[PDB]
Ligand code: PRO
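In structure tokens, the next block holds one chain alone, the form solved without this ligand.
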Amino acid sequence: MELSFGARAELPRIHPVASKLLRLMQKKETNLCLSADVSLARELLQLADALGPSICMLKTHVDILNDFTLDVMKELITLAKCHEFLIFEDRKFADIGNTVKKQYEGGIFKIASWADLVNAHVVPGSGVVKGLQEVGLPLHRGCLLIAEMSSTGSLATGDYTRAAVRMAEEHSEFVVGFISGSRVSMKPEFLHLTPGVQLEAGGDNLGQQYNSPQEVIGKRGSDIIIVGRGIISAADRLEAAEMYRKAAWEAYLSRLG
């Protein structure tokens, strides 16, 4: 009784950030998250502008931006609103609750002020979520839990993955889904986002492993593909994004029947 993204956006227990996302995914016919893994603000912004219409989400690693300022993030928000995508800061909070609350709100980055979504590892126990929530709930943000990883030797398997799912389902006022390689929850209110995606077989030199959009979305039942180098390293990043968008979208449609 699989529901479309648009119908999932209306589920009783849907989080507002999840709903906004699902609605724009349906509107734009995209379930592609760009992993904007660049070190220059101008490149980040030029990618966001050009690729904005093709993506549901732009994932950042703010801590690799050589020329980060809060003004850069203002500009990114303008593009996100214009083109209709969410901003996901891929910070992988992974500390005790008291620490992560400060890392989310404060410092130079002020992540909570501009990021629609963040994520967290579940290794510390649920305090990591509780700490983040203290900041994120008042700011109407959402969080993704890392239930599985794409890299060689990942320990996010078995009972670890199950613990992630339980933690999400117990903190559904804030947690909107997962970073995972497959569908890990049977509850349609939760988003599944899958990195480690390229059209061609392969990996990198540092433990990354790739699977295709058809595999991830079609066979493994995930919702969204997260793609970095498969787009960013291409000559024509717009065409690359469109190829990935079309692949992910068709895989979704076909699964829906």
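The term rigid core refers to the maximal set of C-alpha atoms that superpose within 1.5 Å between the two forms. Start at 1 and count along the sequence shown; that's the residue number.
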Stretch farther from shown form by Cα RMS in 5 other deposited structures of this protein, picked from 96-104 and 117-125 after core fit, is 96-104
Entry B factor averaged over C-alpha atoms, 179-187 against 143-151: higher for 179-187
Avg C-alpha B-factor, entry values, 84-92 vs 154-162, higher side is 154-162
Residue set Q26, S35, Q46, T194, per-entry CA B-factor max assigned to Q26
Temperature factor at the Cα of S113, chain-ranked in thirds, falls in the lowest
In terms of its chain's C-alpha B-factors, the third that includes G125 is the lowest
Chain thirds by Cα B factor, record data; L206 belongs to the highest
Quick tally, chain-level thirds of C-alpha B-factors: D63 sits in the middle
Temperature factor at the Cα of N98, chain-ranked in thirds, falls in the middle
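In what follows, reference is made to the form solved in complex with this ligand, a form of this protein that is not presented.
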Counting ligand atoms of this ligand within 2.4 Å of any backbone or C-beta atom, after superposition from its pose in the entry with it bound, shows the site to be blocked
Checklist entry - Using heavy atoms and a 4.5 Å limit, would one call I108 a contact residue for this ligand in the entry with it bound? => result no
Using 4.5 Å between non-hydrogen atoms, is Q133 touching this ligand in the entry with it bound? yes
- prompt: Are any of the heavy atoms in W114 no more than 4.5 Å from a heavy atom of this ligand in the entry with it bound?
  reply: no
Next on the checklist: Check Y104 for me: does it contact this ligand in the entry with it bound (non-hydrogen atoms, 4.5 angstroms)?
Outcome noted: yes
Within 4.5 Å of this ligand in the entry with it bound, heavy atom basis, the matching stretch of 136-144, 182-190, 162-170, 76-84 is 136-144
